[PDB]
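This report concerns only the one structure given below.
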Amino acid sequence: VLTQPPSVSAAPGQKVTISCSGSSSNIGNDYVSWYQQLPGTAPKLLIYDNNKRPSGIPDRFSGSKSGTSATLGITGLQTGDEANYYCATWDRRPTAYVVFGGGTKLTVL
Amino acid sequence: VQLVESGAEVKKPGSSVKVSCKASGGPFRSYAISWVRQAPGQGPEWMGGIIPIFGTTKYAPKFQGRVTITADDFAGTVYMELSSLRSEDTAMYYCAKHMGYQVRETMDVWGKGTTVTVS
Amino acid sequence: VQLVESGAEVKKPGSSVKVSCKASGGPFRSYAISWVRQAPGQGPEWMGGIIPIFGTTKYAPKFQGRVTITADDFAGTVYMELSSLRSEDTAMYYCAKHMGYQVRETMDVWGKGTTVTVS
Amino acid sequence: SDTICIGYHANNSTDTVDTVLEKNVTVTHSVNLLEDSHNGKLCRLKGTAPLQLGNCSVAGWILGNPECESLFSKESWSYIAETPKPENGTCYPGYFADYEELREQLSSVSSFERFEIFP
Amino acid sequence: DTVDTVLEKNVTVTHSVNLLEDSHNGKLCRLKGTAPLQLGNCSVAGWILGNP
Amino acid sequence: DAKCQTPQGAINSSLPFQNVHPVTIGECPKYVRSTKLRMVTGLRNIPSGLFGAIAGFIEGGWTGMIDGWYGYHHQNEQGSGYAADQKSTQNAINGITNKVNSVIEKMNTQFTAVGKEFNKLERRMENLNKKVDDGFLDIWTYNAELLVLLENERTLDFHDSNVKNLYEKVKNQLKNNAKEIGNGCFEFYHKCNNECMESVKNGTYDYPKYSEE
Amino acid sequence: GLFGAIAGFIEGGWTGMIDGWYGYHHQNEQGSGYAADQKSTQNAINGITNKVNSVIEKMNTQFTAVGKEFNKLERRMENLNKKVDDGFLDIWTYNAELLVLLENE
Ligand SMILES: *[C@@H]1O[C@H](CO)[C@@H](O[C@@H]2O[C@H](CO)[C@@H](O)[C@H](O)[C@H]2NC(C)=O)[C@H](O)[C@H]1NC(C)=O
Ligand SMILES: *[C@@H]1O[C@H](CO)[C@@H](O)[C@H](O)[C@H]1NC(C)=O
Ligand SMILES: *[C@@H]1O[C@H](CO)[C@@H](O)[C@H](O)[C@H]1NC(C)=O
Ligand SMILES: *[C@@H]1O[C@H](CO)[C@@H](O)[C@H](O)[C@H]1NC(C)=O
Ligand SMILES: *[C@@H]1O[C@H](CO)[C@@H](O)[C@H](O)[C@H]1NC(C)=O
Ligand SMILES: *[C@@H]1O[C@H](CO)[C@@H](O)[C@H](O)[C@H]1NC(C)=O
Ligand SMILES: *[C@@H]1O[C@H](CO)[C@@H](O)[C@H](O)[C@H]1NC(C)=O
């Protein structure tokens with residue numbers, strides 16, 4: 001499974017990073033995607049192919065992956081950015097299956 | 001592309017429930033479709049997916065043996081059937097589409113989600 | 001291939017005159033078409049040409065600015081419009097076809113020619 | 001020595017398709033475009049049952065044959081079904097004028113009301 | 001300009017032609033130099049019978 | 001409950017054609033006299049062409065490659081294995097699904113047609129009605145059969161062309177650092193580990209670096 | 001592409017070549033430049049114009065058709081007339097769309 005910090009908080013206008021750590025079976029040998037989920041809505045894909053964004057995602061969202069751990073980063077933080085963020089990857093050894101992270105709840109003050 | 005799922009369900013323990021997802025556009029699709037569920041106070045969870053043309057299905061190890069995913073291509077519909085409904089199976093269910101024909105970690109379009117209650 | 005032009009014209013100075021050329025065969029041509037004029041007691045004189053499919057037009061430096069050549073391809077017609085008619089513009093006018101799609105110095109088929117008078 | 005080769009896919013399917021240059025021809029994947037099965041009953045369309053005449057024809061139904069009196073209760077339908085050789089229409093011999101035009105008129109009626117014009 | 005094929009849609013190209021006409025002028029005109037007969041308020045029966 | 005009703009029985013089907021009965025009520029497919037109409041989406045099955053690749057200089061297919069239509073088989077000091085090319089398969093799938101959708105879309109018209117009746121002194125109108133029905137049915141049967149027969153030819157040539165293009169794309173990358181043995185395979189002059197093999201299947205093979213040992 | 005050249009091993013087109021469809025770009029000690037091949041372009045133009053002319057010629061039929069009228073006791077004839085009109089219109093629409101779609105390929 002993938003492990004994330006349970007909760008991170010920051011001020012508006014700050015930049016904060018969320019980590020996603022696991023083993024060499026999921027992140028050590030495969031790409032990582034990042035999803036955002038707001039209350040009462042389906043998850044929204046933020047990052048794919050370990051550092052790339054789809055159309056409609058602002059510049060302030062960025063991602064990277066080093067070795068085993070993958071980092072998401074939000075700059076210019078806004079009140080609307082308070083949501084749940086999930087990392088996902090394609091675990092592939094016994095029988096490959098999509099694995100999501102435990103989840104990180106970001107709070108604005 | 002918009003994905004629309006069938007109505008909510010209230011069922012008894014030990015029964016089976018089948019839901020469907022319908023996609024807009026041409027009846028034949030060039031991308032894969034997966035089913036995801038979320039229980040209250042928990043993160044998303046992958047169940048299984050189906051691949052176009054080849055028609056091969058993949059399932060998660062925990063849901064293996066009691067989940068069946070089928071497709072009807074001339075109407076553009078995908079069905080998921082779950083059996084031996086226990087109490088913990090009450091959750092919200094989504095159908096999500098992939099970027100290509102292969103089942104991978106990246107889902108770019110999601111549905112609205114429908115509720116299944118097992119009381 | 002036969003080329004036929006519109007009737008003769010008598011026009012006052014300062015006006016504009018438009019003539020047309022019609023070619024036999026299929027409406028769409030694979031050769032360029034040029035317009036030539038000859039005043040009494042003088043040799044021929046090239047005015048301009050039009051190229052098929054690409055639709056590009058070429059004009060002589062003297063006639064530049066007051067000659068417009070157009071084509072209507074579904075009827076097989078080519079039009080030439082001349083403006084600011086001075087007294088020296090009275091002459092015989094021919095439409096001529098080229099061997100290929102490019103405007104060059106070789107014209108193998110000529111029309112019968114029609115007269116324009118400016119009095 | 002290290003080697004790399006290029007190739008394509010195969011399976012155990014036994015489906016065949018027709019080609020203008022060859023017949024039979026086994027392929028890996030195909031779809032069927034023709035339907036050839038039915039269930040063999042008269043069933044409901046849009047939640048409404050049809051009107052079954054039974055032994056009566058359109059003439060016997062619309063004239064009030066004494067043996068069709070059970071059909072007066074049904075006043076709305078989705079379509080009308082008739083037997084190949086109905087037995088009771090006009091019980092008294094005579095000529096029915098513009099009968100086929102009346103059938104054509106009645107084939108576009110979805111409901112009516114039977115009322116006493118002259119008590 | 002774009003054209004549809006059986007294997008793909010849209011597809012920008014360098015040159016093309018249009019085969020369909022979709023415009024009119026909105027009037028009743030002369031055909032071969034002769035004007036039509038307009039009945040106005042009358043029908044064929046009123047025209048041929050001699051309605052006053 | 002049903003969506004279509006015939007004098008023989010009711011139908012649920014989303015298929016574009018049927019051969020049950022010409023008289024229908026509801027939302028129904030089109031009626032033809034055909035007995036078989038199957039459309040190919042895959043390739044020729046050789047579990048042992050205009051472009052000469054499939055059943056050509058590449059003799060047969062692979063049952064060990066299951067995740068795609070075209071791909072590679074590699075062998076080096078660390079082992080062997082099969083893999084599929086995702087981009088080629090994706091392009092082919094795009095084209096094939098577009099073709100099938102276009103065919104389905106072009107064959108939709110009106111429905112819910114029922115017959116008429118005539119009396120003994122109206123035989124000419126009856127004959128005209130019958131002639132119209134027969135002519136339309138013949139024309140549509142011809143159209144459907146011809147379309148299926150002609151598109152089945154183009155699909156197989158499309159697959160053959162895709163295989164040949166992939167082969168040439170790989171061939172023009174290795175230039176003279178490898179030997180062509182003529183059956184679809186290449187033998188490397190230098191040593192190619194898993195990274196070099198990945199780079200070949202990647203499209204970013206480094207020719208100056210590996211200049212024949 | 002079926003032959004792998006356009007958008008294949010030749011990646012893009014030239015906006016500097018304006019006098020034809022296919023051609024050359026050269027470079028030597030005296031300079032560079034674009035030029036077009038006239039024979040290839042001429043053959044292609046011949047073929048394309050022939051194709052368009054054939055398509056235009058095959059789709060010419062009769063015209064000047066106007067509707068009829070019927071009274072209240074002639075509904076079967078009216079329905080037959082309507083059915084004939086609709087069937088012919090459907091067939092010709094299908095023919096035109098299929099022909100254009102197949103030749104564009
Ligand atoms: C054949 O098709 C019809 C309609 O397409 C189906 O009718 C529906 O049946 C369900 C039963 O689960 C009803 O809830 C719907 O209301 C029906 N449709 C309508 C429009 O009323 C019918 O079930 C199909 N037959 C079979 C055997 O599945
Ligand atoms: C091909 O083999 C697979 C694997 O056993 C099997 O599931 C399938 O039924 C076979 N195909 C046919 C047409 O029987
Ligand atoms: C098609 O092939 C099968 C075996 O592959 C054969 O039995 C059959 O006869 C063939 N079809 C015809 C029409 O001969
Ligand atoms: C309907 O007609 C048949 C034909 O004789 C007859 O046997 C049957 O009894 C009739 N039905 C009723 C309800 O009388
Ligand atoms: C065709 O391309 C244009 C831009 O090149 C795009 O705006 C348009 O949406 C495309 N057509 C369709 C049907 O999407
Ligand atoms: C034709 O009818 C209209 C509508 O009643 C009327 O206004 C008009 O005056 C009529 N035409 C003439 C010539 O009176
Ligand atoms: C394959 O290509 C990608 C991007 O083109 C690159 O990031 C990766 O390092 C390549 N892999 C190898 C083994 O060269």
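Here's how to read the names in the structure tokens: chain A, B, ... by the order shown, residue numbers from 1 in each chain, ligand numbers from 1 in the order shown.
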Query raised in the report: Quick one: which residues from chain E are at most 7 Å off chain F, using only C-alpha atoms, as number ranges by chain?
Result: E: 6-8
How about saving the chosen residues, N, CA, C and O atoms kept, as a short mmCIF file (atom, residue, chain, number, x, y, z; two decimals), in the first residue's frame?
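Everything below was put into part-v9.cif:
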data_model
loop_
_atom_site.label_atom_id
_atom_site.label_comp_id
_atom_site.auth_asym_id
_atom_site.auth_seq_id
_atom_site.Cartn_x
_atom_site.Cartn_y
_atom_site.Cartn_z
N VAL E 6 -13.56 7.71 -43.32
CA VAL E 6 -14.15 6.60 -42.58
C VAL E 6 -13.32 6.25 -41.35
O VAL E 6 -13.86 5.75 -40.36
N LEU E 7 -12.02 6.51 -41.38
CA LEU E 7 -11.13 6.16 -40.29
C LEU E 7 -10.85 7.32 -39.33
O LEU E 7 -10.28 7.08 -38.26
N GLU E 8 -11.24 8.54 -39.68
CA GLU E 8 -10.97 9.69 -38.82
C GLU E 8 -11.91 10.82 -39.17
O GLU E 8 -12.44 10.89 -40.29
#
Requested in this report: Can you pull out every residue within 12 Å of residue D:106, counting only C-alpha atoms, but drop anything in the same chain fewer than 3 positions away, and send it as number ranges by chain?
Outcome: D: 58-59, 61-62, 79-80, 99-103, 109-112; F: 116; G: 75
Report task. Residues within 7 Å of ligand 1 should be enumerated using only C-alpha atoms and all ligand atoms and returned as a ChimeraX atom specification. Result -> /D:45-47 /F:1-3,11-12
Keeping N, CA, C and O atoms, export the residues of the selection given above as a CSV table (one decimal), in the first residue's frame.
chain,number,residue,atom,x,y,z
D,45,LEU,N,-46.1,-2.9,-25.4
D,45,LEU,CA,-45.3,-1.8,-26.0
D,45,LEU,C,-45.5,-0.6,-25.2
D,45,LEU,O,-46.7,-0.1,-25.1
D,46,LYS,N,-44.5,0.0,-24.6
D,46,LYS,CA,-44.5,1.2,-23.7
D,46,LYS,C,-45.5,1.0,-22.6
D,46,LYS,O,-46.2,2.0,-22.2
D,47,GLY,N,-45.6,-0.2,-22.0
D,47,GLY,CA,-46.4,-0.4,-20.9
D,47,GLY,C,-47.9,-0.6,-21.1
D,47,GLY,O,-48.7,-0.7,-20.2
F,1,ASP,N,-42.6,-7.0,-21.7
F,1,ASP,CA,-42.4,-5.7,-22.3
F,1,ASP,C,-41.4,-5.8,-23.4
F,1,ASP,O,-40.5,-6.6,-23.3
F,2,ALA,N,-41.5,-4.9,-24.4
F,2,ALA,CA,-40.5,-5.0,-25.6
F,2,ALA,C,-40.5,-3.7,-26.2
F,2,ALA,O,-41.2,-2.7,-26.0
F,3,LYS,N,-39.5,-3.5,-27.1
F,3,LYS,CA,-39.3,-2.3,-27.9
F,3,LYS,C,-39.8,-2.5,-29.4
F,3,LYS,O,-40.1,-1.6,-30.0
F,11,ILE,N,-39.0,-8.5,-29.9
F,11,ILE,CA,-37.5,-8.4,-30.0
F,11,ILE,C,-36.9,-7.3,-29.1
F,11,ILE,O,-37.4,-6.2,-29.1
F,12,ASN,N,-36.0,-7.7,-28.3
F,12,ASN,CA,-34.9,-6.8,-27.9
F,12,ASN,C,-33.6,-7.1,-28.6
F,12,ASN,O,-33.1,-8.2,-28.6
Requested in this report: Compute the set of protein, DNA and RNA residues whose minimum atom distance to ligand 2 is at most 7 Å, using only C-alpha atoms and all ligand atoms, and state it as a PyMOL selection string.
Outcome: chain D and resi 11-14
Name the residues in contact with stretch 83-100 of chain G at a cut-off of 9 Å, using only C-alpha atoms, excluding same-chain residues fewer than 5 positions from it; report them as a compact mmCIF listing (two decimals) with N, CA and C atoms, in the first residue's frame.
# COMPACT_ATOMS: atom_id res chain seq x y z
N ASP E 4 -14.27 14.73 -43.47
CA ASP E 4 -14.44 13.48 -42.75
C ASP E 4 -14.08 12.30 -43.64
N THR E 5 -13.34 11.34 -43.07
CA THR E 5 -13.08 10.06 -43.70
C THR E 5 -13.67 8.95 -42.84
N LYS F 106 -24.68 5.28 -40.51
CA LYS F 106 -25.22 5.53 -41.84
C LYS F 106 -26.46 4.70 -42.16
N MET F 107 -26.83 3.73 -41.33
CA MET F 107 -27.91 2.79 -41.63
C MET F 107 -29.08 2.93 -40.67
N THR F 109 -32.91 4.68 -40.36
CA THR F 109 -34.01 5.32 -41.07
C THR F 109 -35.28 5.16 -40.23
N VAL F 132 -43.37 -1.91 -55.18
CA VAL F 132 -42.60 -0.93 -54.41
C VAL F 132 -41.89 -1.61 -53.24
N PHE F 136 -37.65 -1.88 -52.88
CA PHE F 136 -36.90 -1.30 -51.77
C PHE F 136 -36.14 -2.36 -50.99
N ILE F 139 -33.00 -3.44 -52.94
CA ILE F 139 -31.94 -2.43 -52.94
C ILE F 139 -31.21 -2.43 -51.60
N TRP F 140 -31.94 -2.48 -50.49
CA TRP F 140 -31.27 -2.39 -49.19
C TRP F 140 -30.46 -3.65 -48.90
N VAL G 55 -17.29 11.84 -60.59
CA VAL G 55 -18.29 11.94 -59.54
C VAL G 55 -19.42 12.87 -59.96
N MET G 59 -23.94 11.62 -61.19
CA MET G 59 -25.06 12.05 -60.35
C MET G 59 -25.96 13.06 -61.05
N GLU G 78 -52.48 8.29 -50.94
CA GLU G 78 -51.63 9.32 -50.35
C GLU G 78 -50.47 8.70 -49.58
N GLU G 105 -10.97 8.94 -48.34
CA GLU G 105 -9.92 8.05 -47.84
C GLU G 105 -8.89 7.73 -48.91
Query raised in the report: Excluding same-chain residues fewer than 5 positions from residue G:35, what lies within 9 Å of it counting only C-alpha atoms, as number ranges by chain?
Result: G: 17-20, 22-26
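Atom CA of residue D:88 sits 25.0 Å away from atom CA of residue D:117.
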Please run DSSP on the backbone and report, as a compact mmCIF listing (two decimals) with N, CA and C atoms, in the first residue's frame, all residues within chain B that come out as strand (DSSP E).
# COMPACT_ATOMS: atom_id res chain seq x y z
N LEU B 3 -20.66 10.04 -18.39
CA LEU B 3 -21.01 8.71 -17.90
C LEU B 3 -22.17 8.82 -16.93
N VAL B 4 -23.22 8.02 -17.15
CA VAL B 4 -24.43 8.08 -16.34
C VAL B 4 -24.71 6.68 -15.79
N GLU B 5 -24.94 6.59 -14.49
CA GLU B 5 -25.18 5.31 -13.83
C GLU B 5 -26.64 5.16 -13.43
N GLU B 9 -29.80 1.76 -4.84
CA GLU B 9 -30.37 0.47 -4.47
C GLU B 9 -30.37 0.28 -2.96
N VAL B 10 -31.43 -0.35 -2.47
CA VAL B 10 -31.53 -0.82 -1.09
C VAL B 10 -31.85 -2.30 -1.13
N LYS B 11 -30.92 -3.13 -0.65
CA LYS B 11 -31.06 -4.57 -0.75
C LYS B 11 -30.74 -5.22 0.59
N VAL B 17 -26.75 -7.61 -6.50
CA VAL B 17 -27.15 -6.34 -7.09
C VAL B 17 -26.34 -6.11 -8.36
N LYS B 18 -27.01 -5.61 -9.40
CA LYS B 18 -26.38 -5.32 -10.68
C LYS B 18 -26.63 -3.87 -11.05
N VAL B 19 -25.57 -3.13 -11.34
CA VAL B 19 -25.66 -1.74 -11.75
C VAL B 19 -25.11 -1.61 -13.17
N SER B 20 -25.45 -0.49 -13.81
CA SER B 20 -25.05 -0.25 -15.19
C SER B 20 -24.52 1.17 -15.34
N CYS B 21 -23.65 1.34 -16.33
CA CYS B 21 -23.08 2.63 -16.70
C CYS B 21 -23.24 2.80 -18.20
N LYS B 22 -23.67 3.99 -18.61
CA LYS B 22 -23.94 4.33 -20.00
C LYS B 22 -23.10 5.53 -20.39
N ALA B 23 -22.43 5.44 -21.53
CA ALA B 23 -21.52 6.47 -22.00
C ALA B 23 -22.07 7.11 -23.27
N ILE B 33 -12.89 0.85 -19.22
CA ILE B 33 -13.81 1.32 -18.18
C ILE B 33 -13.57 0.50 -16.92
N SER B 34 -13.52 1.18 -15.77
CA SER B 34 -13.32 0.56 -14.47
C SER B 34 -14.43 0.95 -13.51
N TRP B 35 -14.58 0.15 -12.46
CA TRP B 35 -15.56 0.39 -11.41
C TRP B 35 -14.84 0.64 -10.10
N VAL B 36 -15.25 1.69 -9.39
CA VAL B 36 -14.63 2.10 -8.13
C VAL B 36 -15.73 2.26 -7.09
N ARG B 37 -15.40 2.00 -5.83
CA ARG B 37 -16.35 2.22 -4.75
C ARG B 37 -15.69 2.95 -3.60
N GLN B 38 -16.50 3.72 -2.87
CA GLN B 38 -16.04 4.49 -1.72
C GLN B 38 -17.05 4.31 -0.59
N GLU B 45 -11.45 3.03 -3.92
CA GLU B 45 -11.01 1.64 -3.97
C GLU B 45 -11.38 1.03 -5.32
N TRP B 46 -10.38 0.52 -6.02
CA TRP B 46 -10.57 -0.06 -7.34
C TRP B 46 -11.14 -1.47 -7.23
N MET B 47 -12.08 -1.79 -8.12
CA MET B 47 -12.72 -3.10 -8.15
C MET B 47 -12.32 -3.93 -9.36
N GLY B 48 -12.46 -3.38 -10.56
CA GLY B 48 -12.11 -4.11 -11.76
C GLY B 48 -12.45 -3.32 -13.00
N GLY B 49 -11.91 -3.79 -14.12
CA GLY B 49 -12.06 -3.09 -15.38
C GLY B 49 -12.18 -4.04 -16.56
N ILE B 50 -12.60 -3.48 -17.69
CA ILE B 50 -12.82 -4.24 -18.92
C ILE B 50 -12.18 -3.52 -20.10
N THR B 57 -11.12 -8.96 -18.80
CA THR B 57 -11.54 -8.33 -17.56
C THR B 57 -10.48 -8.55 -16.49
N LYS B 58 -10.26 -7.53 -15.66
CA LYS B 58 -9.35 -7.63 -14.53
C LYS B 58 -10.09 -7.30 -13.24
N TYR B 59 -9.77 -8.04 -12.18
CA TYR B 59 -10.43 -7.89 -10.89
C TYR B 59 -9.40 -7.74 -9.79
N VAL B 67 -17.49 -10.83 -8.17
CA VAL B 67 -17.76 -9.66 -8.99
C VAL B 67 -17.67 -10.07 -10.45
N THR B 68 -18.68 -9.69 -11.24
CA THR B 68 -18.69 -9.98 -12.67
C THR B 68 -18.95 -8.70 -13.44
N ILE B 69 -18.06 -8.38 -14.38
CA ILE B 69 -18.19 -7.19 -15.21
C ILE B 69 -18.45 -7.64 -16.64
N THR B 70 -19.49 -7.09 -17.26
CA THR B 70 -19.87 -7.43 -18.62
C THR B 70 -20.09 -6.15 -19.41
N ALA B 71 -20.08 -6.28 -20.73
CA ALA B 71 -20.28 -5.14 -21.62
C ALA B 71 -21.24 -5.52 -22.74
N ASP B 72 -22.11 -4.58 -23.10
CA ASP B 72 -22.98 -4.70 -24.27
C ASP B 72 -22.64 -3.51 -25.16
N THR B 77 -23.27 0.05 -23.10
CA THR B 77 -23.53 -0.12 -21.68
C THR B 77 -22.53 -1.09 -21.05
N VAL B 78 -22.18 -0.84 -19.79
CA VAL B 78 -21.31 -1.72 -19.03
C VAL B 78 -22.01 -2.07 -17.72
N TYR B 79 -22.07 -3.36 -17.40
CA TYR B 79 -22.76 -3.85 -16.22
C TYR B 79 -21.77 -4.42 -15.21
N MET B 80 -22.05 -4.18 -13.93
CA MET B 80 -21.30 -4.79 -12.84
C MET B 80 -22.28 -5.50 -11.91
N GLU B 81 -22.00 -6.77 -11.62
CA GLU B 81 -22.84 -7.60 -10.77
C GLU B 81 -22.04 -8.05 -9.55
N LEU B 82 -22.60 -7.82 -8.37
CA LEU B 82 -21.98 -8.18 -7.10
C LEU B 82 -22.91 -9.11 -6.33
N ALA B 91 -22.11 1.54 0.00
CA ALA B 91 -21.11 2.53 -0.40
C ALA B 91 -21.60 3.25 -1.65
N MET B 92 -20.81 4.22 -2.10
CA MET B 92 -21.03 4.89 -3.38
C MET B 92 -20.19 4.23 -4.46
N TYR B 93 -20.77 4.10 -5.65
CA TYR B 93 -20.16 3.39 -6.76
C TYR B 93 -20.03 4.32 -7.96
N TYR B 94 -18.86 4.29 -8.60
CA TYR B 94 -18.54 5.10 -9.77
C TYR B 94 -18.07 4.20 -10.90
N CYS B 95 -18.39 4.61 -12.13
CA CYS B 95 -17.74 4.09 -13.33
C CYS B 95 -16.81 5.17 -13.87
N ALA B 96 -15.56 4.81 -14.13
CA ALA B 96 -14.55 5.76 -14.57
C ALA B 96 -13.91 5.28 -15.86
N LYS B 97 -13.54 6.23 -16.71
CA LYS B 97 -12.93 5.90 -17.99
C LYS B 97 -11.43 6.19 -17.95
N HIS B 98 -10.68 5.42 -18.73
CA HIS B 98 -9.23 5.54 -18.81
C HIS B 98 -8.83 6.36 -20.03
N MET B 107 -7.35 7.71 -14.43
CA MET B 107 -8.74 7.83 -14.84
C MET B 107 -9.07 9.31 -14.94
N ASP B 108 -9.46 9.75 -16.14
CA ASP B 108 -9.64 11.18 -16.39
C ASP B 108 -11.09 11.64 -16.34
N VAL B 109 -12.05 10.75 -16.58
CA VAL B 109 -13.47 11.10 -16.53
C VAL B 109 -14.16 10.16 -15.56
N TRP B 110 -14.94 10.74 -14.65
CA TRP B 110 -15.67 10.01 -13.63
C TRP B 110 -17.17 10.28 -13.77
N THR B 114 -23.47 6.38 -7.43
CA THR B 114 -24.78 5.97 -6.95
C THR B 114 -24.62 5.11 -5.70
N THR B 115 -25.61 5.17 -4.82
CA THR B 115 -25.52 4.58 -3.50
C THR B 115 -26.16 3.20 -3.46
N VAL B 116 -25.48 2.27 -2.80
CA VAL B 116 -26.00 0.94 -2.54
C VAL B 116 -25.99 0.72 -1.03
N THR B 117 -27.16 0.42 -0.47
CA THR B 117 -27.31 0.17 0.96
C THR B 117 -27.72 -1.28 1.18
N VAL B 118 -27.09 -1.92 2.16
CA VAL B 118 -27.35 -3.32 2.49
C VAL B 118 -27.77 -3.35 3.95
Requested in this report: Please determine the contact residues of chain C with respect to chain G at a cut-off of 7 Å, counting only C-alpha atoms, and supply them as a ChimeraX atom specification.
Outcome: /C:26-30,101
Report task. Could you pull out the residues sitting within 7 Å of ligand 4, using only C-alpha atoms and all ligand atoms, and write them as a ChimeraX atom specification? Result -> /D:54-55,87
Please provide the set of residues having any atom within 12 Å of residue D:22, restricted to only C-alpha atoms, with same-chain residues fewer than 2 positions apart removed, written as a PDB file with N, CA and C atoms, in the first residue's frame.
ATOM      1  N   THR D  16     -15.185 -16.857 -39.009  1.00  0.00           N
ATOM      2  CA  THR D  16     -14.826 -16.634 -40.402  1.00  0.00           C
ATOM      3  C   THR D  16     -15.656 -15.491 -40.976  1.00  0.00           C
ATOM      4  N   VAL D  17     -15.069 -14.759 -41.927  1.00  0.00           N
ATOM      5  CA  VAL D  17     -15.733 -13.644 -42.592  1.00  0.00           C
ATOM      6  C   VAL D  17     -15.518 -13.756 -44.095  1.00  0.00           C
ATOM      7  N   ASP D  18     -16.427 -13.166 -44.861  1.00  0.00           N
ATOM      8  CA  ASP D  18     -16.350 -13.220 -46.314  1.00  0.00           C
ATOM      9  C   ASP D  18     -15.638 -11.989 -46.856  1.00  0.00           C
ATOM     10  N   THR D  19     -14.790 -12.207 -47.853  1.00  0.00           N
ATOM     11  CA  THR D  19     -14.013 -11.177 -48.521  1.00  0.00           C
ATOM     12  C   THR D  19     -14.271 -11.292 -50.021  1.00  0.00           C
ATOM     13  N   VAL D  20     -14.136 -10.177 -50.743  1.00  0.00           N
ATOM     14  CA  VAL D  20     -14.412 -10.212 -52.177  1.00  0.00           C
ATOM     15  C   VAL D  20     -13.380 -11.058 -52.924  1.00  0.00           C
ATOM     16  N   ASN D  24     -14.452 -17.831 -46.437  1.00  0.00           N
ATOM     17  CA  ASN D  24     -14.112 -18.378 -45.125  1.00  0.00           C
ATOM     18  C   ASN D  24     -13.177 -17.455 -44.347  1.00  0.00           C
ATOM     19  N   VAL D  25     -11.873 -17.733 -44.333  1.00  0.00           N
ATOM     20  CA  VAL D  25     -10.872 -16.875 -43.691  1.00  0.00           C
ATOM     21  C   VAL D  25     -11.112 -16.739 -42.190  1.00  0.00           C
ATOM     22  N   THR D  26     -10.318 -17.445 -41.389  1.00  0.00           N
ATOM     23  CA  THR D  26     -10.383 -17.332 -39.937  1.00  0.00           C
ATOM     24  C   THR D  26      -9.697 -16.057 -39.460  1.00  0.00           C
TER      25      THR D  26
ATOM     26  N   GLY F  49      -1.362 -10.649 -49.033  1.00  0.00           N
ATOM     27  CA  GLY F  49      -1.529  -9.289 -48.561  1.00  0.00           C
ATOM     28  C   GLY F  49      -0.917  -8.268 -49.493  1.00  0.00           C
ATOM     29  N   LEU F 149     -18.917  -6.729 -47.462  1.00  0.00           N
ATOM     30  CA  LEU F 149     -17.902  -7.429 -48.241  1.00  0.00           C
ATOM     31  C   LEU F 149     -16.732  -6.520 -48.589  1.00  0.00           C
ATOM     32  N   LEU F 150     -17.008  -5.254 -48.910  1.00  0.00           N
ATOM     33  CA  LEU F 150     -15.936  -4.353 -49.313  1.00  0.00           C
ATOM     34  C   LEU F 150     -15.108  -3.853 -48.134  1.00  0.00           C
ATOM     35  N   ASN F 152     -14.547  -5.523 -45.290  1.00  0.00           N
ATOM     36  CA  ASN F 152     -13.742  -6.627 -44.782  1.00  0.00           C
ATOM     37  C   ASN F 152     -12.392  -6.709 -45.486  1.00  0.00           C
ATOM     38  N   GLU F 153     -12.342  -6.347 -46.769  1.00  0.00           N
ATOM     39  CA  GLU F 153     -11.084  -6.337 -47.508  1.00  0.00           C
ATOM     40  C   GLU F 153     -10.126  -5.278 -46.984  1.00  0.00           C
ATOM     41  N   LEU F 156      -8.128  -5.873 -43.326  1.00  0.00           N
ATOM     42  CA  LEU F 156      -6.957  -6.746 -43.300  1.00  0.00           C
ATOM     43  C   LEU F 156      -5.731  -6.061 -43.899  1.00  0.00           C
TER      44      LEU F 156
END
Query raised in the report: Quick one, how far is atom CA of residue F:189 from atom CA of residue F:213?
Result: 7.1 Å
Query raised in the report: With only C-alpha atoms as the basis for distance, which of D:97, D:76, D:71, D:86 is at the shortest distance from chain F?
Result: D:97
